[PDB]
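# A look at the structure
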Amino acid sequence: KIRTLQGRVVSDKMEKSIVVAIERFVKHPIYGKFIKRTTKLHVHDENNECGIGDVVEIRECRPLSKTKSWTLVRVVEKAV
Amino acid sequence: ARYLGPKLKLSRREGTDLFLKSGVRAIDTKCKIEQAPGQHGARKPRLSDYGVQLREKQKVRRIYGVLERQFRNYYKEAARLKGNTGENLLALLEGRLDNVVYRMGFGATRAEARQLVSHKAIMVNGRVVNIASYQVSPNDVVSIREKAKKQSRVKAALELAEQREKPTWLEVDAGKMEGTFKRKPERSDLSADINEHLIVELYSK
Amino acid sequence: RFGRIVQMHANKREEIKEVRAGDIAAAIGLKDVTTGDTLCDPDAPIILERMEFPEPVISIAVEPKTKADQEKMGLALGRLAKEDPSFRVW
Amino acid sequence: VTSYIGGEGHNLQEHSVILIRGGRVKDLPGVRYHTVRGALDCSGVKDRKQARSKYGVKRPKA
Amino acid sequence: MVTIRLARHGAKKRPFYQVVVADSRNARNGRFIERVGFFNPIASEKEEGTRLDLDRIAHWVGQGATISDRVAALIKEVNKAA
Amino acid sequence: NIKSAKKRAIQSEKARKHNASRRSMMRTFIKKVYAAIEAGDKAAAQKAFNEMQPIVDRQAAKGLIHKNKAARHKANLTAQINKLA
RNA sequence: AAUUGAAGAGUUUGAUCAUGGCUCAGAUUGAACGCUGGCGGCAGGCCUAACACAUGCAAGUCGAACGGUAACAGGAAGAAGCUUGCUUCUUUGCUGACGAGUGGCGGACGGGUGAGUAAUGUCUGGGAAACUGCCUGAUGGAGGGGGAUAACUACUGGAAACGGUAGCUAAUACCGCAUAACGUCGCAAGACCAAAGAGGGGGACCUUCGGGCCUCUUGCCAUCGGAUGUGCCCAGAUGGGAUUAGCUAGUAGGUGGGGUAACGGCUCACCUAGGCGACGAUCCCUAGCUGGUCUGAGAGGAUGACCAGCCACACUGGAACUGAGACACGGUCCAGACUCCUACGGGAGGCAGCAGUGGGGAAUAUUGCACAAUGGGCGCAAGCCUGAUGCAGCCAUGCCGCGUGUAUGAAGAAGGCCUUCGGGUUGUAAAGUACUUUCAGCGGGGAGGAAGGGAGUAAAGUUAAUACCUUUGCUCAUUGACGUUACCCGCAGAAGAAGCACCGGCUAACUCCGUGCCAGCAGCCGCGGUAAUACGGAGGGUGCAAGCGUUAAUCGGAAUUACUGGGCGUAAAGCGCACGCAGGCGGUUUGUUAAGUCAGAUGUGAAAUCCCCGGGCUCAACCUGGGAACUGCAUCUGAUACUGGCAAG
């Protein structure tokens, strides 16, 4: 297939853009305990679709903005 | 950097003879061995464990005159290879040129032996070599230069060394000095008064 | 050696690559040369032309402003020790 | 800082460019260095024919 | 202009070379694309003195490489029939 | 310094004198086109765009302006006029 | 075959066991210093002030682009000596060559340094919206004309640097025009864009006697790809401080114009009121990063010199030009500071390029030799240039090899140091005897590092031509900086060549004399108060060795930062106690997902370095073959226990 992430929608107080958060359960280098290492990405999407709290397939693309360089594929798990 | 000092004084510091001044007087009479290395060597110490490791390290050193910097290289080399480091240390040390010169009987003492080797009078395997720390590789041969042959040092080495035990893993021509060296030196084919775990324990730290 | 050769028009430097007989030039480098030295051609016959050494006359003394300049005092006057024949240091 | 003057009979004075190497002089409180004799204006010791690598005495002529 | 030249290794008076494919602008012993074979000029009598990777040198030809002087001469010294 | 490749200085000065003139020749033709787009009269905008097109493509052959920049300036003009009329 | 690998001791107390720091035994160094010092090989050699720099060199080449020729040598009609062809010279760019210039290509590479830089960078693994001289493959063309302008000329300005004025000739210089396509733009139809000629040989036709004509060699411009390099985006990793809590205002995103090789707030206009932050934002201090080096059993700790990749800077700060590529070390312009020339008007330059200097400092080299080999620039090539590089010099700084002799030799010498005074020890150590004689000193031989390239010749190509050019064998004469080389052979002779530290315990090794808490020793504990194995001097003895100690430095030992691998009642340490958000962890059952996890595959993990089995310098250090390794990371396909997410109980 192609490189695509899972993420979670965080900051949608703006237009045609979203800051997603993707969780990384990495292993600590020296202490061996798994830490919930967060990662936040300015991700471009199409016209204002979703809200907060929904897992969102997102793939790498052109640098559409200064920071936004990823594209939202689809919205999964709509909730309250 | 060789040793260049009074010779049997090391043997009286080690008690026994390490065959360092064999020569014509093949009996150690004018030596007063064991109880007089110095003005106060007429007594005995409690001789701690560090000392008994060091004095044993000194004996294996003094038969072949290996300086510590050169000596430590063998321990780095023996532990590098396979097998036992106690066995490998002496095995690679037996391959020294003056050691095989002595084991084949071309020299009656190692100082007399190395004087032949350093003055490039030995054509080992087809090439004259003047550096005594040359590894005499397994399954080989060693010849002597004919144009510097038999100047009364070789014949006296031929006389005395044929009275002394006739070594095992090699063959002496005994007519015109054509030494052949065949196999790997085994732990059982040794002087056996030396120990080995005294050395490799000291060199761990 | 012979590093660089200069014709020396009153402490002005023009480069000389070859010197003939009878000309004056300055040889730059020359670590151990003294006054009136007979520089000859080696791997060849060696010549000599030097016989004179003039007189010293009045000896005075000195002491610098501090002792931190005393290493330069022996050096800079030692720098002057190489130059003049009739100028000694005690 | 302070420093210790090893040996005996030093020709030191009010100003002398000397050289300093570190080392605790434990019996002296608050002195942490040793002047190396064999250096600059702090000259060598006399009658120190033994252990002369420290104190900078040369080998006697023979 | 990627070339196939020599890079000098070894000690003083006892040289050694490994013929390498590199970008010609770069230094001699520096950044190279790929080592392809080696060469010994003081190759004492053992048969191994050169082991040239002939097929990639033939492959780099199609990619537009400029085979240098002695590198081409070593191919003429170590022929294409042996 | 006084290296004898310092003619590259004056070889660049006559080069820049050649360039900036011909560089402005391009830009001024773009100004005439852009003035017509502020004007809006179509035939004046079309003919000017049909005038400077041989001028733009020619300097691409001389390499003073990159081909894609020259391709951009074609795509700039025709997009502005078509949305106008 | 490729990790066969981990020690402890002294010290609190009258004595003991612990807790617990301090210190030593080991290795290592870009080391300095003290004393000593014979040679060779491979190495390394400004760590501090990115402090300021004198001088010589560090980047030119092209005549196969062109007008020309200022030098040099020529055939050359001739000049004059006058030994009538022996020569002094005048013609002359018509030859081989060639400054000064126009033009082409390079100079953006190599070489240096680590100030800045805590993330614009770097290492790792991926991506899409590009550009890419030279080298390369394919598909075609390569028509026809023009105006100036150096150079150079006549005048003239200046001390030079450098000009200024009026004429003048060429170009593979520049500028149109023709003519376009698998090219650019455009929904489309269509519109528009390029190019240059030089060098060799010659049958025959034509020769305005140049040439055209043919062939060959090469260059040229357009389009789509290769290769290489380059710019760019994204995820993670990449220091110390919270006595650094809020931070930001083109700042976070949209839209449209412009910009950009290409993407984007890149840059403005207008709108939206957001973006980053406890997984540490912002701020201050320090620092180039990495492969790796050192140590360690390993995990980690310290570090980033030399060699190699990357990045940044080029006197300080700012900007742009040119060009394939620079916001440019040895380019331009401007501002500032600092120096140099001067005729006083005006100009010139940047060692953080190789040496070299003053200075700073404990601390570091020669203004050296050759373009012979490797590499690079330009060129058809020959060749030219090359402080890259190869080499030489100085310096034990380091690692490695070697020597200063061997054997014999007892009156157990003399002498010294002792002596329970009888002897013992130094010590077979010296002398003397007989031999060996490396390296050094000296005289002769002697590799290889050298492949090429030059002229000729034969052959195959080659074309209308047996010519040219190209390839191929072939012969001759040659190419060596280093370099009286590596190495070898002989001569004379034991002869030119051994020190430094320690000796109370730790720790291998003791007596005597002097000295009396003095003089001093000392890493720690501690010695010296008149019998000191610890102080200094002898003698003796031990360690190490062309080095040996001292200091500094890092890890070790130190399980005294404890991830592997520590503690908290009294030894240092439970907040005085409680509630509680973030956060950490979380009973049990089924279903589901595969994030974590594990298995297999793939790409990569640059080379070197490190390790193993080998090979070459006589050995070794050292150079070097393959392999292993690089324990990682990313992607892809699976397994469903355990942990997590989700749904239900």
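Residues numbered from 1 in each chain as written, not as in the entry; some residues may be left out. Chains lettered and ligands numbered in written order. Part of a larger assembly, values for the part shown. Heavy atoms only, no water.

By the method listed in its record, cryo-EM, this PDB entry was determined to a resolution of 6.9 Å.

Applied cut-off: UniProt positions are given in the numbering used here, feature names are shortened, and annotations may be inferred rather than shown by experiment.
The name the PDB entry gives chain A is 30S ribosomal protein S17, with Escherichia coli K-12 as the organism. In its Function (literature references left out) section, the UniProt record describing chain A reads: "One of the primary rRNA binding proteins, it binds specifically to the 5'-end of 16S ribosomal RNA. Also plays a role in translational accuracy; neamine-resistant ribosomes show reduced neamine-induced misreading in vitro." The heading Sequence similarities in the UniProt record of chain A holds the text "Belongs to the universal ribosomal protein uS17 family."

### Some words on helix α2 (residues 42–61) of chain F
Residues and elements named next belong to chain F. Worth spelling out the cut-off: Secondary structure elements are taken from DSSP: a helix is a run of H or I of four residues or more, a strand is a run of E of two residues or more, and numbering for both begins at the N terminus. Expected span of a helix: the number of residues minus one, times 1.5 Å. Relative accessible area decides the class of each residue, using a 1.4 Å probe on protein chains only: under 20% of the type maximum gives buried, over 50% gives exposed, and in between gives partly exposed. We call two residues contacting when some pair of their heavy atoms lies within 4.5 Å.
Given a rise of 1.5 Å per residue, 20 residues ought to cover 28 Å, and the 29 Å separating the end C-alpha atoms of α2 matches this to within 8%. Inspection of α2 places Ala45, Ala48, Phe49, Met52, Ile55, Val56 and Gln59 among the buried residues, and these make up the whole buried set. Lining the buried residues of α2 we find α1 (7–39) and α3 (67–84). Note on α2: the residue one or two positions beyond its end, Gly63, has a positive phi of about 75 degrees.

### Here we look at the protein's contact with RNA strand G
The following threshold applies: Here, proximity means that at least one heavy atom of the residue falls within 4 Å of the molecule or strand. Within 3.5 Å is the distance limit for a polar contact, defined as a pair of N or O atoms, with the added protein rule that one can donate a hydrogen and the other accept it, and that residues adjacent in sequence qualify only through two side-chain atoms.
The local shell around RNA strand G holds 195 residues, among which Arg80 of chain B, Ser53 of chain D, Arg25 and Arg70 of chain E together with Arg8 of chain F are the closest. Considering RNA strand G, the proportion of its atoms within 4 Å of the protein that are sugar or phosphate atoms stands at 82%. Within the contact set of RNA strand G, a sugar or linking oxygen lies 2.8 Å away from a side-chain nitrogen or oxygen of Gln115 of chain B. Within the side chain of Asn130 of chain B, an N or O atom sits 2.7 Å from a base nitrogen of RNA strand G. It is α3 of chain F that provides the largest number of residues to the surface near RNA strand G, a total of eleven residues.

### Describing the sheet that holds strand β1 (residues 2–11) of chain E
Within a beta sheet, neighbouring strands are joined by backbone hydrogen bonds and run either parallel or antiparallel to one another. Residues and elements named next belong to chain E. Heads up, the condition is: In this analysis, strands are considered paired if DSSP registers two or more bridges between them. Axis definition: a line fit to C-alpha positions, over the contact stretch in the case of helices; interaxial angles, taken between N-to-C directions, run 0 to 180 degrees.
Here four strands make up an open sheet; going across it, the order is β3-β2-β1-β4 and the pairing mixed. At either end of the open sheet lies a strand with only one pairing partner, and these are β3 (34–35) and β4 (66–67). Strand direction decides the pairing type here: strand β2 (residues 14–23) and β3, joined by two bridges, are antiparallel. Bridge pairing in β3 places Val20 opposite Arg35. Across the sheet, helix α2 (residues 69–77) touches β1, β2 and β4, and the angle it forms with β1 is around 90 degrees.

### Some points on a positive patch on the surface
Convention followed: Note on patches: the residues involved have over 30% relative accessible area and no salt bridge, like charges join within 9 Å, and the nonpolar side chains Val, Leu, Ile, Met, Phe, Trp and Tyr join within 5 Å. Surface exposure here means Shrake-Rupley accessible area, sampled with a 1.4 Å probe, where a residue is shielded only by the protein chains that are shown. When a carboxyl oxygen of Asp or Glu is within 4 Å of a side-chain nitrogen of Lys or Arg, the pair counts as a salt bridge. When charges are counted, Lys and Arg are positive and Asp and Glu negative, with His and the chain ends excluded. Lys charges are placed at NZ, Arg charges at CZ, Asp charges at CG and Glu charges at CD.
Among the surface-exposed residues, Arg2, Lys7, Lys21, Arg25, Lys30 and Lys32 of chain B lie close enough to one another that they form a single positively charged patch. Inspection of the secondary structure assignment puts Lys21 of chain B in the loop between α1 (9–12) and α2 (49–62).

### Topic: the pattern of salt bridges
All names here are of chain B. A full pass over the atoms with the stated rule returns 20 salt bridges over all chains. A salt bridge links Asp193 to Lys59; the nearest nitrogen and oxygen atoms lie 2.4 Å apart. One end of the pair, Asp193, is in the loop between β5 (178–181) and α8 (197–202); the other, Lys59, is in helix α2, with 134 residues separating them in the sequence. Here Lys59 falls in the buried class, since its relative accessible area comes to 11%. Between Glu146 and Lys149 there is a salt bridge, and its shortest N-O distance comes to 3.8 Å. With relative accessibility at 42%, the residue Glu146 sits in the partly exposed group. When salt bridges with common partners are traced through the structure, they connect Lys57, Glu68 and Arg72 into a single cluster.

### Some details on the environment of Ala91 of chain B
All names here are of chain B. The topology assignment puts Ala91 in helix α4 (residues 85–94). Put simply, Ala91 and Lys184 are 93 residues apart on the chain and 7.7 Å apart in space, counted from C-alpha to C-alpha. With near-sequence residues (within four places) excluded, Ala91 lies in contact with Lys184 and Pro185.

### Re the side chain of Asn88 of chain B
Residue and element names in this part refer to chain B. As for its placement among the helices and strands, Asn88 is situated in helix α4. A polar contact of 2.4 Å, which involves the side chain of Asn88, links it to the backbone oxygen of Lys82. Excluding residues within four positions of it along the chain, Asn88 makes contact with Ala78, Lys82 and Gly83.

### Details of the arrangement of the chains
Chain E makes no contact with chain C, the minimum C-alpha separation between the two being 26 Å. For the non-touching pair chain D and chain E, the nearest C-alpha separation works out to 38 Å.

### Considerations on the pairing of β2 of chain E
Residues and elements named next belong to chain E. Among the ten residues that make up β2, seven are buried, leaving the element largely enclosed by the rest of the structure. When β1 meets β2, the two strands line up antiparallel, connected through ten bridges. Its bridge partner being in β2, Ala7 is matched across the sheet by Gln18. The antiparallel pairing of β1 with β2 creates a hairpin that spans two residues between the two strands, and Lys13 there sits at a positive phi of about 70 degrees.

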